[PDB]
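Protein chains in written order, with the entry's author numbering: chain Q, 1 to 336; chain P, -2 to 336; chain O, -4 to 336; chain R, 1 to 336.
We put the CB at the ideal spot given by N, CA and C, even for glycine.
Here the structure comes first, spelled out in structure tokens, and everything after it is commentary.
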Amino acid sequence: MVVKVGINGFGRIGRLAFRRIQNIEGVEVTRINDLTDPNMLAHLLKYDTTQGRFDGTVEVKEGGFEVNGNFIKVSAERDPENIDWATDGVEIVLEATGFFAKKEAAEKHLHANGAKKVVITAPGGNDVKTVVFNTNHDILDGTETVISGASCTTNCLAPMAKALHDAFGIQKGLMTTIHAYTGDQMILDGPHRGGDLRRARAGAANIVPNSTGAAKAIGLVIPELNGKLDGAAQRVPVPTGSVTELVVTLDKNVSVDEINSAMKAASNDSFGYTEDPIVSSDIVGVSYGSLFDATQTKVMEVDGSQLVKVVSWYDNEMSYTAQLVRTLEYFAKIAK
Amino acid sequence: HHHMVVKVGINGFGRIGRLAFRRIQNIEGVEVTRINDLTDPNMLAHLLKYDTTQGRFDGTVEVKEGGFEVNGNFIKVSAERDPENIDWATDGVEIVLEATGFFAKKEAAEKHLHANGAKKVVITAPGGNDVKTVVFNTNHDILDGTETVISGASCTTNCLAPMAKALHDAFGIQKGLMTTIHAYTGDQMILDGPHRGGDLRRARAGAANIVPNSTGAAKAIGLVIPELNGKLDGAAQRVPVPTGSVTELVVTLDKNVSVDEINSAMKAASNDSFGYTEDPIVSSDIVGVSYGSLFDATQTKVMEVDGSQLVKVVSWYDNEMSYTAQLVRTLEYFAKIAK
Amino acid sequence: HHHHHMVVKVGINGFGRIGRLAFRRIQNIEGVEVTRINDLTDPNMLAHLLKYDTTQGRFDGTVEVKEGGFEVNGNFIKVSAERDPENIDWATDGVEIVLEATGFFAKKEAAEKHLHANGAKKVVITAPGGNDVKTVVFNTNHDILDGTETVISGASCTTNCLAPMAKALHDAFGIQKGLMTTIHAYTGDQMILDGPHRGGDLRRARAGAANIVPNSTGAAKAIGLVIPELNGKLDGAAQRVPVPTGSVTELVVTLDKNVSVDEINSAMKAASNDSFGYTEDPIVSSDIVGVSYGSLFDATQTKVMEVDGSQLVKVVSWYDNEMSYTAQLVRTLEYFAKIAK
Amino acid sequence: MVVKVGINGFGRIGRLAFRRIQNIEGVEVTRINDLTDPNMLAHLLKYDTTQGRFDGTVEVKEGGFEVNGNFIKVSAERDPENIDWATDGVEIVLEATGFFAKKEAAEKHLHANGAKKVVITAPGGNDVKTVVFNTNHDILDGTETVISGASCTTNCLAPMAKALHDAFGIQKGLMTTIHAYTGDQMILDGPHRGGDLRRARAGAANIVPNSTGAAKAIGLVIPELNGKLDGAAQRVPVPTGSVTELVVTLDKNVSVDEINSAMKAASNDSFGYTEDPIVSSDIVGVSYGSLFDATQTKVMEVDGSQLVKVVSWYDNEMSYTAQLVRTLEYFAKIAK
Ligand SMILES: NC(=O)c1ccc[n+]([C@@H]2O[C@H](COP(=O)([O-])OP(=O)(O)OC[C@H]3O[C@@H](n4cnc5c(N)ncnc54)[C@H](O)[C@@H]3O)[C@@H](O)[C@H]2O)c1
Ligand SMILES: NC(=O)c1ccc[n+]([C@@H]2O[C@H](COP(=O)([O-])OP(=O)(O)OC[C@H]3O[C@@H](n4cnc5c(N)ncnc54)[C@H](O)[C@@H]3O)[C@@H](O)[C@H]2O)c1
Ligand SMILES: NC(=O)c1ccc[n+]([C@@H]2O[C@H](COP(=O)([O-])OP(=O)(O)OC[C@H]3O[C@@H](n4cnc5c(N)ncnc54)[C@H](O)[C@@H]3O)[C@@H](O)[C@H]2O)c1
Ligand SMILES: NC(=O)c1ccc[n+]([C@@H]2O[C@H](COP(=O)([O-])OP(=O)(O)OC[C@H]3O[C@@H](n4cnc5c(N)ncnc54)[C@H](O)[C@@H]3O)[C@@H](O)[C@H]2O)c1
């Protein structure tokens, strides 16, 4: 059986998730909810500044739009309690608005005429299972009603930290992600509705420090690293594409070659490995959740003690979205 | 030490609202006593202090309860979405700078004029066909001071108007098309996403695209230069600079002209609002300038075939500070003559 | 890749934006093969820049550096680093037609340096090449070629955008005179930050990704090389703006006939083909990056301003100054190679 | 009583140095050498994308230009041995081309018709005195013939690292500078003359990793930190303005408040202190060589051991230039 999915928030993550679902057999989108009309959503699906033209035909209709002739209903309900997901057979909602990223808020979708389960496309608090595909999706059994796909940065950091910890033992660490600007930053200096005096600044014209919980919350994905990491972000003027640096001390003294070999050994469809001196535009659109860059590995040793630096790339858009849809595809197969 | 001031309120402490506040600091006859926006005083104080394109504030800013002090002088801050709930009169406010983008029509702006409100409103944008629309030093003579709502026009209008008027007075504009290559603004999306105004092009990442867009400046020029009503139209290309813009105008004229003739006519019309340059500048060179319009003699062109000519004239403007300088010139003058 | 299409061997002088994108498009045609690349650098730099491309994406295939060149899908291509075309032994690698894409030899006598006794046989300049070389916009005037030419020009990006639009408008309604503005991506000839411009251009000296930068362009004045009836009728200029590729051309004219917006748009759509596209969607510049049209007419930007019975008419066409031009350039190269003799 | 100065390389640092010298008494520029016509240099001095209009008048003349009425000679000699610095009385040369930044190369200026001293506006190798003003300018005695004003990153890092080391003892450290793009990166993807596969990439459209020697070479300015630090850079799309992050282990456990207090106590004209959540555009044009940002300080502690993070802003243009001219001014006064 195909599992019918709804998208709440047809934004950067919602629209790219829709795109990837077109190539998934076990899942199909039957309903989109946002705050606008079908022509606006159909246009944003067709044309994409950073991810290119949509691969398919899109035609606006009354009450929605057709993708290759398949009608998808569009509604514009600000309150999840008012989205009649059940009318379109939706069982799983991708909660991608940025405004319901907590357990009780996501549960608003699960009313009498709503859906059955929710995947939050963001950190969702410490009382919802938080899944980085191919790092801890084993924790799912399908009975969950609300789960989280974590953040872009968590999906980048987690395979790198886990491989390094499994091989050498992370004692403590600090993370800096140099991160594309996102839709939550202001295009020009102005009041930020979340009260962030730095996200209030022109996002494409500044290096912007910002907090991020990815390192401090890593225990949701790698329990043994709870209480071991912290970090922050520098938001910079690229419209997508990011990189995560992690500096740790380890239980073992290591060489750069030994580090790079341990990362390569852990590589898979989610965690890539490169030795090419790439830049951020080269990871736009990739499907790895995290691309380890061996060219940036460093070890600083003084008096027999080492600081170790490991670096991994990610397209905060498509890398995260590929991970999100892998998790959604797996969750849908085992949902009950 | 003096008290010869008209008290002003700012609705919308945004790019234009904050820069207007900055310029009013150097005006003796007007004083801002009340700001209304949608946020708390620390956000507004911080945005006044630090400014990506216009630099650090020239003075001290300190957050206080219910507002902030600028060089020790308290400015009250409120956060009322609806003008009917702003008690402008409590702070002695006579004139409101309506700079939110959400009340830029006569009946909307008049919401500030309730029984506990202000006496007059200046809309920092085009305000419709039924409010006096003023480009300072081009038509501020139309004001008599009895008006309750006026418009400061748009940035593009304040750039276009002195150039079009100088050209029309000298040679007679028959018809024209305008293109403004314009910085992105806060009404465009930082990344591709639903645009609340329904504009499928403003929906696109504004700092990563050349974005065509409509503009009414040329079509509505008759509010400022009546002789040019029904003679001009145009459009915009929004491009990835965070401020700074340029207006190109192509016309046919009653008289055949040379490039030197055109440039001389522009220079003879230059003043505090309409500048003149022969240096090959680029857009960053006009950020912060106080001209409403800076004619660029290096871009003038004449294309003649069979004794008929197309004429091109180009003028720079900082859509932020150029407009704001014009806006505050108009506010200062209006304040002097207000009922 | 067993086929019966005759193959002409091509060399690329200047493995830059146009040179590398030309190489990419030639991968997908069979009548032409690149067997030699000349630039000023080492093979690993060129291989890396082929593999990874900020605006046009990852190369479609494998690229591996080797001694003296690199392999593309396992096929070795020789790389040399000769500053003077007279020292490029094109003939050693069987090259018969050279793509002159350095920007430093864009005139007849300069391009002929490639045609020495151990050199090539013909040159295609990837730029305006002067008044005395045939200048070709594919699907507008490539019929002027007879195959005997030794040096030809693929014109400029702006010319390939403007030409089909101006030709269609002129054929339908008669252009009397016109002015053009192209709002154009910055290019490699602008400075990344304020600094001395080798060409002496005080505006290309300025930081290209941080400014709106006016600049000259000869596309409108030189249109007579492509559309003879429009010689002496057009002029224009450019505004370079901060996008790394993607451009748009506005043309304002007066016409022999009074027209409506719908009549203009209809005339453009009737003239559409592989080189001249037509859209009614409200797109922006990133939507044409990588497009293979030389020119994409945008019906949403058409305007007519009429006063006292006379009209100004505005028509607008998009172009990726990189891939739009390169698609046209390789169409012309492919056609030229077929008829070359 | 006025030392005459020549500028080789009227670029970003050369022109901003000229601008700052306008406002000091002891030195005056009497000769400019570059590779171009006087109108090009006059135009670039008058109009400046990131640093604003020149404060004064600039008029092109024959063989040079006038600044506020005073003629400055302009020449275009590619080889320093051909620059007759002596005929304009030039005593000290600011070597700001980027092409003569080592001892023997800079000494080409000191020919029989040349200057007597040269200040390299860049790292100049490990055999020339390397000066960060108000950190180690006391090493100069005035007899030197070639000195170095270090790099922008060094002038940022040094006062921060010195104050932290003096207070708590740095054991080892790794540095990341998130740095504006510069003139040595390509405006669009193309062959990089220095052979750098990452500086070959479009500088205003990418996050670009790159090496930097500031941390490894810190021993030239702070000898006790020789062999203790390393690091790297991420070049990002702002045209000027940068930030330096430093992660260390220390001999003493500390609090965030203790760190911030130690930095504020060390603040002076070169080393600023802020607690405001600023972004990169807020330090453009600033005259601190380094502006410590107390809002980004972090301490990560596990098992009684800590990683400590300290961060400082710098306008790689004007911050470095203010430091360079401070050193030039002092060097001129003790020159012998
Ligand atoms: N790099 C990224 O962009 C990224 C990466 C990983 C996770 N996320 C997370 O994904 C979520 C969405 O981020 P985004 O970048 O796509 O933002 P976005 O602004 O592009 O999309 C949000 C969408 O939600 C719509 N919306 C807002 N409120 C709504 C409501 N009450 N009801 C229905 N629709 C509503 C908006 O109109 C918009 O289309 C956030 O939680 C964000 O933290 C973003
Ligand atoms: N180049 C320019 O930016 C420019 C030039 C000329 C005119 N204008 C005009 O000035 C006006 C403001 O433009 P801007 O660029 O400064 O926009 P902005 O977004 O920077 O500022 C708008 C401000 O209004 C606040 N606000 C929004 N709704 C409000 C409400 N109901 N009540 C109180 N405050 C509210 C917002 O929080 C914001 O601070 C627009 O009408 C615009 O067309 C802008
Ligand atoms: N939008 C565009 O970029 C565009 C569009 C149409 C036409 N053109 C034209 O194509 C040509 C190349 O433009 P580009 O953007 O690719 O520039 P580019 O700088 O990216 O490439 C030029 C290449 O030529 C190399 N080179 C320079 N001098 C050389 C020499 N003497 N010998 C061998 N190689 C040399 C350079 O190292 C570089 O790789 C120009 O004539 C330009 O006007 C460019
Ligand atoms: N953030 C910065 O820009 C920065 C900061 C600190 C130090 N530096 C250092 O300052 C130096 C210059 O940097 P920049 O950014 O100002 O570069 P730039 O390209 O802006 O200026 C260099 C100038 O030198 C000219 N020039 C080149 N070769 C010459 C030669 N043989 N003879 C005479 N003039 C020549 C060039 O025409 C140019 O004007 C570099 O060593 C650089 O590492 C730069």
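Given that a residue counts as buried once 16 or more other Cβ atoms are within 10 Å of its Cβ, and exposed if not, what is residue i?
{"i": "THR50(O)", "result": "buried"}
{"i": "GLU317(R)", "result": "buried"}
{"i": "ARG78(P)", "result": "exposed"}
{"i": "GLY227(P)", "result": "exposed"}
Since I believe residue j is in contact with residue i (beta carbons under 8 Å), could you give me their beta-carbon distance rounded to a whole number of angstroms?
{"i": "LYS309(Q)", "j": "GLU258(Q)", "result": "Not confirmed; about 14 Å, so no contact."}
{"i": "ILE21(R)", "j": "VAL5(R)", "result": "7 Å"}
{"i": "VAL27(Q)", "j": "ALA332(Q)", "result": "5 Å"}
Answer yes or no: the CB of residue i versus the heavy atoms of ligand 6, is any distance below 7 Å?
{"i": "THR121(Q)", "result": "Of the ligands one can find in the structure shown, namely ligand 1, ligand 2, ligand 3 and ligand 4, none is ligand 6."}
Output needed for residue i: all residues of its chain with C-beta closer than 6 Å, excluding positions within five of it in sequence on either side, in chain order.
{"i": "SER75(O)", "result": "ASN33"}
{"i": "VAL60(Q)", "result": "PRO38, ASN39, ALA42"}
{"i": "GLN296(R)", "result": "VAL311"}
{"i": "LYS216(P)", "result": "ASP230"}
Identify the continuous alpha helix (DSSP H) that holds residue i and give its terminal residues.
{"i": "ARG193(O)", "result": "Looking at the DSSP string, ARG193(O) is not in any alpha helix (DSSP H), and its letter there is neither H nor E."}
{"i": "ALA322(Q)", "result": "318 to 334"}
{"i": "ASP166(Q)", "result": "152 to 168"}
{"i": "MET263(R)", "result": "256 to 265"}
{"i": "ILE13(P)", "result": "12 to 21"}
Which residue from the options puts its Cα closest to that of residue i?
{"i": "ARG193(R)", "options": "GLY26(O), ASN39(O), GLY6(O)", "result": "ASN39(O)"}
{"i": "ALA200(R)", "options": "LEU41(Q), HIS111(Q), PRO277(Q)", "result": "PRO277(Q)"}
{"i": "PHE100(P)", "options": "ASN206(P), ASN8(P), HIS(-2)(P)", "result": "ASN8(P)"}
{"i": "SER280(O)", "options": "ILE218(P), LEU220(P), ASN210(P)", "result": "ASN210(P)"}
{"i": "residue 351(Q)", "options": "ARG78(Q), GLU91(Q), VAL132(Q)", "result": "The shown model of chain Q, from 1 to 336, leaves out residue 351(Q), and the question about it has no answer."}
{"i": "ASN113(Q)", "options": "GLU81(Q), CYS152(Q), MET186(Q)", "result": "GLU81(Q)"}
{"i": "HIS179(R)", "options": "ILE83(R), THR135(R), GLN234(R)", "result": "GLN234(R)"}
{"i": "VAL247(R)", "options": "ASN268(Q), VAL256(Q), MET300(Q), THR274(Q)", "result": "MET300(Q)"}
{"i": "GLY272(P)", "options": "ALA150(P), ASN155(P), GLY183(P)", "result": "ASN155(P)"}
{"i": "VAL67(P)", "options": "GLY52(P), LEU45(P), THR153(P), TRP85(P)", "result": "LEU45(P)"}
{"i": "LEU35(Q)", "options": "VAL2(Q), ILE83(Q), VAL58(Q), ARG19(Q)", "result": "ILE83(Q)"}
{"i": "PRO239(O)", "options": "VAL254(R), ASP293(R), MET186(R)", "result": "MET186(R)"}
In chain order, what residues of the same chain lie with their CB nearer than 8 Å to the CB of residue i, ignoring the 5 residues before and after it?
{"i": "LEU250(R)", "result": "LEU164, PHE168, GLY169, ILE170, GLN171, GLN306, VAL308"}
{"i": "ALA17(O)", "result": "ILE7, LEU94, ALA96, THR121, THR321, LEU324, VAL325, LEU328"}
{"i": "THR145(P)", "result": "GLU107, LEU110, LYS116, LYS117, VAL118"}
{"i": "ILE334(Q)", "result": "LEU140, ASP141, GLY142"}
Span of the beta strand (DSSP E) holding residue i?
{"i": "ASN8(P)", "result": "3 to 8"}
{"i": "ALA233(R)", "result": "229 to 236"}
{"i": "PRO209(R)", "result": "208 to 211"}
{"i": "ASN33(R)", "result": "27 to 33"}
Return the chain-ordered list of same chain residues with a C-beta closer than 7 Å to the C-beta of residue i, the five sequence neighbours on each side being excluded.
{"i": "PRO191(O)", "result": "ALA200"}
{"i": "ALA205(R)", "result": "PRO237"}
{"i": "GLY285(Q)", "result": "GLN51, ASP315, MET318"}
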